[PDB]
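Working notes, beginning with the structure itself.
Protein chains: 2
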Amino acid sequence: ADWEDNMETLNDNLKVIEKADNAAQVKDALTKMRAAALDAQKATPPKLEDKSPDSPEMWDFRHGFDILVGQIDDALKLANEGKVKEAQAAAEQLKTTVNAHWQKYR
Amino acid sequence: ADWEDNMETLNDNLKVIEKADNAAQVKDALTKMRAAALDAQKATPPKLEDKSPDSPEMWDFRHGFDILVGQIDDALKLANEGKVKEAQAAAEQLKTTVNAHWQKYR
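Residue numbers (the entry's author numbering), protein chains in the order written: chain B, 1 to 106; chain A, 1 to 106.
Structural data, given as structure tokens:
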């Protein structure tokens with residue numbers, strides 16, 4: 001539940017989704033990502049330790065993770081529709097944003 | 001806390017933000033919208049009462065409100081930066097998505 005471990009779970013489950021061959025594996029990885037993205041929004045990365053809870057920086061942080069959760073939800077939509085290849089593509093598109101957020105708040 | 005009340009809250013606070021003449025008014029209305037959107041996302045909307053909670057339609061529902069929350073976050077970012085004109089503009093962009101979600105799931 002600290003921010004780095006949640007970012008790792010996001011990062012690791014991206015690789016898992018790409019190597020995934022079946023729908024259960026993709027859905028499991030997306031479910032783990034959604035949980036990790038919501039838990040990461042409750043955590044404090046180093047660049048936010050000294051920032052007020054209503055600071056623009058905190059709101060920008062929350063924005064990034066709420067959008068990420070929204071995108072993982074849409075990937076879960078596709079997966080549950082039986083469009084698993086589309087769901088994997090949707091997830092893979094998150095890699096640069098996950099990595100960008102990882103570095104921004106490091 | 002049902003979905004209809006929360007959608008009404010999103011609707012009416014959009015007009016509050018439109019007519020606001022000070023920063024606290026916009027920030028509080030966005031705060032009320034955020035609470036309404038998150039509370040509305042925990043609910044089951046009328047259109048989906050007959051659907052599994054793991055259904056693609058429910059993930060699409062969750063995706064829409066997660067994106068909406070994400071956008072409210074960014075408007076609160078802007079308002080707390082003291083760019084209330086920009087916050088108002090960002091909030092106007094939600095009136096479209098609020099109304100579309102209300103129409104889809106009512």
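Even for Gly, the Cβ is constructed at its ideal location relative to N, Cα and C.
So residue i packs on residue j, CB below 8 Å; how close in whole Å?
i, j, result
"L76 of chain B", "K15 of chain B", "That pair is no contact at about 18 Å."
"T97 of chain A", "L68 of chain A", "6 Å"
"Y105 of chain B", "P46 of chain B", "7 Å"
Got a sec? Which residues, its chain only, sit under 8 Å from residue i by beta carbon, not counting five neighbours each side?
i, result
"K51 of chain B", "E57, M58"
"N6 of chain B", "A36, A37, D39, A40, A43"
"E92 of chain B", "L14, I17, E18"
"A90 of chain A", "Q71, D74, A75, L78"
"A23 of chain B", "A79, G82, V84"
At which residues does the alpha helix (DSSP H) containing residue i begin and terminate?
i, result
"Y105 of chain A", "84 to 105"
"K42 of chain A", "Careful: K42 of chain A lies outside any alpha helix (DSSP H) and carries neither H nor E."
"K51 of chain A", "It is not in any alpha helix (DSSP H) - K51 of chain A carries neither H nor E in the DSSP assignment."
"residue 118 of chain A", "Not covered by the structure: residue 118 of chain A. The range shown for chain A is 1 to 106."
Residues in its own chain within less than 7 Å of residue i by CB, not counting five upstream and five downstream?
i, result
"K32 of chain B", "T9, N13"
"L48 of chain A", "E57, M58, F61, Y105"
"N11 of chain B", "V98"
"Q88 of chain B", "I17, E18, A20, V26"
Closest to residue i by C-alpha separation, out of the options, would be which residue?
i, options, result
"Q25 of chain A", "A:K85, A:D66, A:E4", "A:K85"
"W3 of chain A", "A:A23, A:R62, A:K19", "A:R62"
"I72 of chain B", "B:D21, B:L30, B:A20", "B:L30"
"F65 of chain B", "B:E81, B:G82, B:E18, B:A100", "B:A100"
"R34 of chain A", "A:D74, A:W102, A:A89, A:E18", "A:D74"
"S55 of chain A", "B:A89, B:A23, B:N80", "B:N80"
For residue i, I'd like the list of residues in its chain whose CB is within less than 6 Å of its CB, leaving aside the five on either flank, ordered along the chain.
i, result
"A1 of chain B", "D39"
"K95 of chain B", "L14"
"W102 of chain B", "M7"
Report whether the distance from the Cβ of residue i to the nearest heavy atom of the ligand NAP is below 7 Å.
i, result
"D12 of chain A", "Inclusion of the ligand NAP in the displayed structure is not the case, the ligand content being empty and no account of it being possible."
Return the residues of the stretch 63 to 76 of chain A that lie within a Cβ-Cβ distance of less than 9 Å from chain B, sorted by chain order.
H63, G64, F65, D66, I67, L68, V69, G70, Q71, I72, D73, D74, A75, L76
Residues of the stretch 40 to 56 of chain B with Cβ closer than 7 Å to any Cβ of chain A, in chain order:
For the stretch 40 to 56 of chain B, which is checked against every Cβ of chain A, the residues closer than 7 Å are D54, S55, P56.
Contact set between the stretch 6 to 24 of chain A and chain B, restricted to residues whose Cβ is under 7 Å from the partner:
none
In chain order, what residues of the stretch 78 to 99 of chain A put their CB closer than 7 Å to some CB of chain B?
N80, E81
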